[PDB]
Amino acid sequence: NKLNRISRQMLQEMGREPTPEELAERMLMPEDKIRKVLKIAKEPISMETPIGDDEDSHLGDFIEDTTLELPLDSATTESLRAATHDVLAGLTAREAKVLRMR
Amino acid sequence: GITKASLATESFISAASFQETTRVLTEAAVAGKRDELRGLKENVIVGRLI
Amino acid sequence: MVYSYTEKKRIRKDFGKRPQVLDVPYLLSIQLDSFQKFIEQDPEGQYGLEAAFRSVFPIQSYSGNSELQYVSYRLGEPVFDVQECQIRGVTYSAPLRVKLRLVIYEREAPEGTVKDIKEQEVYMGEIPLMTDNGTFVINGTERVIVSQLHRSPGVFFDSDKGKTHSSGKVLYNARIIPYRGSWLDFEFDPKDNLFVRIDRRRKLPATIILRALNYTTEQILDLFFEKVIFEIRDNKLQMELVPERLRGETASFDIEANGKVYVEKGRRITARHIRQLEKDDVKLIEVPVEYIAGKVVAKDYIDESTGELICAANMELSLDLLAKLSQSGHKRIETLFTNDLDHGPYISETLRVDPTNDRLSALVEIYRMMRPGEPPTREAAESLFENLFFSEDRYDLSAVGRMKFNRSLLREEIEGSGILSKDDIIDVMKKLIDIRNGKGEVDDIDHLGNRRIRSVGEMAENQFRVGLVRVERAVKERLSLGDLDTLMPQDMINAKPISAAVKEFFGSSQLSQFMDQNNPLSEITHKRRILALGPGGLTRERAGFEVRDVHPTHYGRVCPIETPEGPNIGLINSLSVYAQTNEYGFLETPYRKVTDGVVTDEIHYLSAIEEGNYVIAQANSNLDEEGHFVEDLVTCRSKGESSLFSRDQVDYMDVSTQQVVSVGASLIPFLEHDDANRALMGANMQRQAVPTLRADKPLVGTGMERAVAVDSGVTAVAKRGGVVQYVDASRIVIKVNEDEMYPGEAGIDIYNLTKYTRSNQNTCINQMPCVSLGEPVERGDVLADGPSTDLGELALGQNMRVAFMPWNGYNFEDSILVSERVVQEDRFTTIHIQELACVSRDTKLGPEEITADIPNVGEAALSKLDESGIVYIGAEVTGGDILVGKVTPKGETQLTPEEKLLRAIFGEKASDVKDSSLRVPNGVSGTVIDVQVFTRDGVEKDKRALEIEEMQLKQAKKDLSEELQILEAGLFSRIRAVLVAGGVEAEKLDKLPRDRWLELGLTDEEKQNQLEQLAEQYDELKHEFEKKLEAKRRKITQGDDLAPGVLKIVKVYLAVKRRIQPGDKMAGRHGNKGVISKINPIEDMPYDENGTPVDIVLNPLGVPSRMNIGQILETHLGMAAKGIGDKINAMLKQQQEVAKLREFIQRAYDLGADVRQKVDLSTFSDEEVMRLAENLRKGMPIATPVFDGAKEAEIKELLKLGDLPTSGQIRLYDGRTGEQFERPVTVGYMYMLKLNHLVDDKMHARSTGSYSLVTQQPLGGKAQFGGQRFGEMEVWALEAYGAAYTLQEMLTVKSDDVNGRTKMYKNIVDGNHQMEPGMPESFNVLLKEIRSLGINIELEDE
Amino acid sequence: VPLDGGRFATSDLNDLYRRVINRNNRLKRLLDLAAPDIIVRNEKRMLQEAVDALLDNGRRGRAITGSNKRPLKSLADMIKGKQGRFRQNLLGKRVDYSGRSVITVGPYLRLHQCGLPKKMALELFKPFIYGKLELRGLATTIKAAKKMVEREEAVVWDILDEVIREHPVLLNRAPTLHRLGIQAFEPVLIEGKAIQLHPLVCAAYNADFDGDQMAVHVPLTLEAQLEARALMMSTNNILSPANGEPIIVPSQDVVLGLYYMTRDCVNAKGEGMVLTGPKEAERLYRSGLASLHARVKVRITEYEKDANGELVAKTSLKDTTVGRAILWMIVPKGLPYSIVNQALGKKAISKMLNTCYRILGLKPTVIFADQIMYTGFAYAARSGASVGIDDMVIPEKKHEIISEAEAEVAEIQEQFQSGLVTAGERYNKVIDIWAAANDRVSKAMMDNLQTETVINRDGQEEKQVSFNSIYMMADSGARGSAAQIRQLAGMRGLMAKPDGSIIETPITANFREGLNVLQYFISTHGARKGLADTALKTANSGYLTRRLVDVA
Ligand SMILES: [Mg+2]
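Residue numbers (the deposited numbering), protein chains in the order written: chain A, 461 to 562; chain B, 1308 to 1357; chain C, 1 to 1342; chain D, 253 to 804.
What follows is the structure in structure tokens.
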């Protein structure tokens, strides 16, 4: 709220708008916190916000899953087991045991 | 008529598709209607062999 | 006039007869004019920023007698200019500085001010600015606001026959549509009861408003009905008779007066009986007491003695009721005049359905209609009714509304109050009833007199007005409590409120859209465009075919054949060639006034309603000498139709043969020969032509292309005439002629040319100089061509040799078979400029680095990058190359046992930073033409970014210095000239240093004062240079403002050069599409006896079905054109002489008889003629006017001069077998465009990409596009076939199953083709949504 | 879930769910505080309103989401939509292993295959390529295989030819109507980014080449390969399911070839001679001795299977032309020579394929169909057919007909000035005379255009059906029709003003001549209503199919 107040007068007082670091000296705190504070203060945007064409395409329809694992990768994991398991059968039983242990 | 006869379908999942969903779901949910699939539309929704 | 300098370079041969009386005005007129009126200082209420201010101002507080008025405004210089505003991404705008005056009246006045503080130009907002080309830059992007077409404000009377009630009988309804404020609707019903509804709200009986206007019933009856006087004189009922009242009625009793019986009972009263009464002047007759049984009493009547109401007004009298009012002493009883044919008894029956009685009741019943459910209040009802149509704030018709209103009511004043008056409503009701009565007609919405055209200026005014009202509430709110002298007109007026109203319009609005710039025609045809959609318009779903169709009023105003083909047809159209917005805002077109029997060349602009009654002749007509019509009757149109009209009847005549069409349609040659469907598509596709690498010229043409090139800003036009001092591929400096030069500063005009840069469509827009060192140029000449323009004409493509013949099916449907010669000549090649960006943001895990240190990349990868991590300028790149190195923190990787062993063996340290670096998209390859680095203020600019900043500084200094050097020399060169007058010393003057020249004076004369003038302006430039340099330097060094979270952004610019390949779309102007099928060697190309192959082989089968015959004519004449070229190409290789060439060229430009072209021997016989011939050797440019175009005979005649056959067909030989081809085939030159559908855009393929989070489904996240969408119809297609497994795999494993997909992939590499489908995640999610409600859904049994 | 720039985005349900909790919680608090009735009641109502908004919003107040005017979408609205359940409504879920691009011709193709862009096939079959690369040992492991195809090493191209060979692909167009909208083809590796599509199939897809795009789908599972090959394969649907007539009927260029092939002029090189068989007939033609169309007797051997499951053979001297003799080489076995002995228009050329199917079965008809296309394109190219401006012949009597028809209107007009005929009767009358005139001009240019080739064999004169290009197009069935031809040469129609009436001053000119200002302006309505009507009737048609497939 305190930030809004300064931004009000300084909007027309400065004729442009106070620079991102302008309200910072006016405010008590370390003043680089404006960026951090200004970010968390924003309200999240509705995931159903229609964008473009008026079509059923909605913002949420464009958000990809980043926590999944691509199969072209998962395939290489299942193979690498067979790989290290094969190459560990090529050694002496104690070298295989010692490396499987370490 | 075609649009009237298509209204009545034993499978509610099929009816829930092209008709008004709310009315179909309610009207089915009260009677405890048991959809056996057996049709095309319903099997496509559930994702098994036609 | 009588021919320019770039016309001496090349001249287009023009067939056609009709002289052009008027020439095409500025085609961008509307766009520029509109915004020019919006932002301007106008000392009156004429539309503009002044008017929107004068409406809401002055703003006074609530009763506090503290008023804030408005003085004047100004627009500060733009923060960034167009170029800088485009690069940085900000909006091109000017600060609006407005002086406000705050007056405070002494409390408990007589009104006088304690103090009035004038706040100097308080700043509110930055309003966007329009480019010299009529475009806006919102965020770094050129955007155009399309002019709008809506329903004109005023009154409109409709029918609604048919569908209603299915009884016929029609209906008659009136609608008052204000520019702002609520709607007032009047409508009838099958019972002839007049109804009213405000906006779309509940229906209400019409009369309920009259009571709300403070009208008692007696005055309502007195207003809408006439008075039938009944006299009781002596005893028993005499009556006054106006002899005309008996028309349309049959005698109900013995009609007798004046001792003579005029009509008996049962004899209808015709005009003859009426004549007798009129001529015998019978005022009073005797009537029976039973006739008033139906007659409705006019006013109230009471009993004088008992003071009791005998009968209320508007009540049906009876024989008994007459008795009870008779004994009370009443001589006169007024009744209504009612006739079911002429004057209808409607209003009378409307009162019986009226629930109200008095004014407050009606106001209550209206207020309870508008705001129902809440208790009504007197002040509330009064406030609402006065605020709807009577308040200057909430209601305006403005000028157009009031004018059409008054005009449609047959009033005098064309201008009046902007609100409604009681006289107005009453009058409107009278007109509606008059139409139902049979006198008068209903209008139609589709007429162009009721369709008004807005444009950027008008719309911007409305939005600023909305800004002023939402600021108004605030100003009053603060002035409520205000302290006297502390606050001033600064603390009150804010910026963001006003700035955000206007910003929300230009940024996102249905009328604000990206300019279509792939092409000059596309731009100019976009900037002239009309829309009936958007805010305040109808919608595609809402409105039917009535408004979409072409109307007779469209002539000369809206182009019939240029409109989009699709969801909205006829909802767009385009503006015509000569059309102009009327003074009042309608559409008016040029015409020629025919007085008596002569056709006068005075031009006259007629609006849609103005043109109606006059009889207008035809654009194609034969007149001669004095301009008398040759034929005794000529085809003309007068009122909505066309027929033969007599010699001297016609009031006017069409100005040109073109004016019916639009710039798009006017560029199609032989348009009169093409079916309208294909012509539409032609003018529709003509806008999609991407410019080419080598600008060619159209060989077949119209003659508008010259005008289109200049009027559109793509080219560079001479400001003033003179001789070119300097010509570079960068700039052009012109030395002004003294007649055109202003006295002070002397001068030269310096044109800074645009070089290779990104367009909106990702094409290349690049200017090239068309003039040579030391050449005379005249004002209004093309200095440099833009993209797709050649020597002042408009070239959207390249004409080429085409053969019509089936070639081994490779041309099958529309398919085009193109020789390899074309791709080798690189003529259809296109240059694309794509802007790729790399953003370094801030995450909670840490800041992202642009550093060049990237985990797991070889020396070959890091080669093309500098020390800083940005690719060098000019390095050619392909797919996979790293444009900008970027790395983002992701900590504690959490590896697994076998990955840990892998690193153990190979000893690699897995980084704490992950690689986000921007790499070139798959398959696209080009050369880097530029790099920009924007950095957040306070983060240290890296090495490369500093080099660029230092580079830009030096480059800026060089440019400004170049300016100052040429400028100063140009000025001192004038001082040299003025000193030589009055004191000439030639060799003496240029010896001493030039700086010391300013000391030498002159004898008393104006020449002494001229040296003074040049002195003043010199030093100004010296200082203007200084201040300009400082600002540029500061603009370079200033840290650009970025989005929240982004630390720095690196934008790389790649210029890809694509030529032509199978899959590209190609079409002529005639609506014949095609997609190149095979690129055939020159060896297999059909060739003629001379051995010259053909570039393209078209399939003839496309010509008859789709009727475009122009494409054949364009070919024929085209061939002929090339002939005249080839001939000249031989005579230039012969080097005959100026005489021989001149003869042949003259021969071509005449061509046998009666054309308007004229020609030479005024031209210098050597240097000017030889240059023209050199430009014609490629081909002889021909101009076919739209409907005035050439004729078969002329084409065949030009073919005789060509040496080529009349048939236009020759023998061709297959380049494969070498044997002849049976029958002759048509060969010629067709202009062909390359549209950008290009096959390496459309082409997409995906194996396994990213997936959507909300529903697991294929989605492109890398620009590796998500898979194709399999729809309902495709499912049915699989269902008709017996394929179950294809369908299951389609909607389960290939898409929606988060398990089945991976279990499938592992099987595909293992070599086992199976599917372990599982349940699609969509349905599995649907279960939870149902289960999220009170519904238990289970999967039973087993 | 978070976004770039540190901003967050979330579903509307949270805003709703949050509310239901708060008020609920508040109510619980309000119980332990012993609040007055008027409050806990209001709180109960508020809780009721909040739950309603969560379940189905819009049946009471339509609550709006935070900071955004647009009402927040509730669970009933998540299921609901257009229409009903998007989970398999249009449209319709995204699918892997697919692609798309502009399509081109490729006339060389057999009917069972299609040209596939190299890059498309690489990115599409990526897992198969990976699996195949290490089955033969060209790649050490799956990763190395990825690196190989990502490097595009020259060796991978041959492995792709293996995995493509027997592995059908599904092709689809934008407006899928009947089952032929998707057909299976055999991939043929093709350089370039454009899809090549067999010409004979262009009829079933209703796919022009004017820039229409098609989509490809890979049939992954084995059952899909055998479904595509045994059901969705191109060669297995040669006949429309709507009616047994072949939908693979040759379209335009091919039928103009065969029309020009079997046709006869009056006098031509090789007229009257005799040849042993089609082999030396083609040898006569290709060498340039004999013309493609000339009346000639040649010995042919036709076949009739009219025995019991057994092909009879019979040889005779048939009176035919050179083209029909050459064409006979294609006709397999038991078809009689009578089928090719005619002029072979588009109608007869279809029943040829039809009879061939109903007699010899499936396999012979396929190879037959291919051959017809190949020979059609080739010979059509030899023919050198074209269209010039002089190919459209206007009647010499046109202006005179217009004048006579122009007298009728002035006759009837004089009758209206004198009141002999009523206004309405006049309109019909004038309109009637103009209509008759149109028929006259149409049936004039039709006679002239059709037969006017007048030529000489050994005598003075004779006249046959014209060899003029545009007539051959219209006669064969390739393209154009008497209506469209009539608009080219003879006058075109009487247009109609928007209200539906028809203007009594028709278009007296045509496309070969110029149209003036008025005629084009009047023509505009027909165009605009045509485009509008088709674009609307297109939508109407689709809706009908919906109701139909729903009811069945
Ligand atoms: Mg198409």
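Every residue, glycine too, gets a C-beta built ideally from N, C-alpha and C.
Open item on the list: Closer than 8 Å to a non-hydrogen atom of ligand 1 - does that hold for the CB of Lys1065/C?
Closed with: Not a single heavy atom of ligand 1 lies less than 8 Å from the C-beta of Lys1065/C.
Task: Collapsed DSSP secondary structure at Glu555/A in the structure displayed - done: DSSP places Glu555/A in the helix class (H, G or I) of the three-state scheme.
Open item on the list: Run through the DSSP bridge pairs and tell me what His628/C is partnered with.
Closed with: Per DSSP, the beta-bridge partners of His628/C are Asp624/C.
Open item on the list: Distance cutoff 9 Å, beta carbons only. Does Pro480/A sit that close to anything in chain D?
Closed with: Chain D, which has no Cβ nearer than 9 Å to the Cβ of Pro480/A, makes this no.
- [ ] Return the bridge partner residues of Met130/C from the DSSP annotation.
- [x] Answer is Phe136/C, bridged to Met130/C.
Task: Min CB distance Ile331/D to chain B below 9 Å - done: Judged by the 9 Å Cβ criterion, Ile331/D is in contact with chain B.
Open item on the list: Within 10 Å of its beta-carbon, does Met743/D have 16 or more other beta-carbons around it, so buried, or fewer, so exposed?
Closed with: With 16 or more other Cβ atoms within 10 Å, it is buried.
Task: Chain-ordered neighbours of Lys1065/C on chain D, where CB pairs are closer than 9 Å - done: Residues of chain D with a Cβ closer than 9 Å to the Cβ of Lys1065/C are, in chain order, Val354, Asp462, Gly463.
Task: 9 Å Cβ cut-off: residues of chain D touching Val1351/B - done: Near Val1351/B (Cβ distances below 9 Å), the residues of chain D are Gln340.
TODO: Within the same chain, show all residues whose beta-carbon is closer than 7 Å to that of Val289/C, passing over the 5 residues directly before and after it, in chain order.
DONE: Excluding residues up to 5 positions away in sequence, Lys236, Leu237, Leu319, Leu322 lie with their Cβ nearer than 7 Å to the Cβ of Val289/C in the same chain.
Open item on the list: Against chain C, does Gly1346/B count as a neighbour if the rule is that its beta carbon must be under 9 Å from one of theirs?
Closed with: No, because no Cβ of chain C sits closer than 9 Å to the Cβ of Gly1346/B.
- [ ] For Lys462/A, count neighbouring C-beta atoms within 10 Å of its own C-beta (all shown protein chains included) and say buried if the count is 16 or more, exposed if not.
- [x] Exposed, because fewer than 16 other Cβ atoms sit within 10 Å of the Cβ of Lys462/A.
- [ ] Kindly give me the distance between the Cβ atoms of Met459/C and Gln148/C, rounded to whole angstroms, as I take these residues to be in contact under 8 Å.
- [x] The Cβ separation is near 7 Å, so the contact holds.
- [ ] Just the C-alpha distance for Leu770/D and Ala426/D, rounded to the nearest angstrom, thanks.
- [x] C-alpha of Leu770/D to C-alpha of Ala426/D: approximately 39 Å in a straight line.
Open item on the list: Could you check if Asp464/D belongs to the surroundings of ligand 1, using beta carbon to heavy atom distance under 8 Å?
Closed with: Indeed, a heavy atom of ligand 1 lies less than 8 Å from the Cβ.
- [ ] Please compile the residues from chain C whose C-beta is within a distance smaller than 8 Å of the C-beta of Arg1341/B.
- [x] Contact of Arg1341/B with chain C by beta-carbon distance below 8 Å involves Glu1340.
- [ ] Using the Cα positions of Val661/D and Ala687/D, report the straight-line distance between them to the nearest angstrom.
- [x] Their backbone Cα atoms lie some 12 Å apart in a straight line.
TODO: Look up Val1097/C in the DSSP assignment and say whether it is helix, strand or coil.
DONE: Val1097/C: strand per DSSP, three-state reduction.
Task: Outcome for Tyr742/C when other beta-carbon atoms lying within 10 angstroms are tallied against a minimum of 16 - done: Within 10 angstroms of the beta-carbon of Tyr742/C lie fewer than 16 other beta-carbons, which makes it exposed.
Task: Chain-ordered chain D contacts of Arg1246/C [CB-CB under 7 Å] - done: Residues of chain D whose Cβ lies closer than 7 Å to the Cβ of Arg1246/C are, in chain order, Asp348, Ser350, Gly351, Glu375.
Task: Contact residues within the stretch 110-138 of chain C, judged by C-beta distance below 9 Å to chain A - done: Of all residues in the stretch 110-138 of chain C, the ones placed with a Cβ closer than 9 Å to any Cβ belonging to chain A are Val122, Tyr123, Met124, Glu126, in chain order.
Open item on the list: Would you say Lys649/D lies against chain A (beta-carbon separation less than 9 Å)?
Closed with: Not flagged as an interface residue toward chain A: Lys649/D, since no C-beta distance is shorter than 9 Å.
Open item on the list: For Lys203/C, which residues in the same chain have their Cβ closer than 6 Å to its Cβ, ignoring the five residues on either side in sequence?
Closed with: For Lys203/C, the CB contacts under 6 Å within the same chain, skipping 5 residues up- and downstream, are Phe195, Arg197 in chain order.
Open item on the list: Let me check you understand the geometry: is the CB of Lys1073/C closer than 8 Å to at least one non-hydrogen atom of ligand 1?
Closed with: Yes; taking the cut-off as 8 Å, the Cβ of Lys1073/C has a heavy atom of ligand 1 nearer than that.
Open item on the list: In the DSSP output, what is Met800/C paired with across the bridge?
Closed with: Beta-bridge analysis with DSSP links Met800/C to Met1230/C.
TODO: For chain B, find out if any of its Cβ atoms is closer than 9 Å to the Cβ of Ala328/D; answer yes or no.
DONE: Cβ-Cβ to chain B under 9 Å: yes for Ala328/D.
Task: Proximal residues to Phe337/C (C-beta, below 8 Å), its chain only, five neighbours per side dropped - done: Listed in chain order, the non-local C-beta contacts of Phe337/C below 8 Å within the same chain comprise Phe225, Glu226, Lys227, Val228, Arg245, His343, local neighbours out to five positions each way being set aside.
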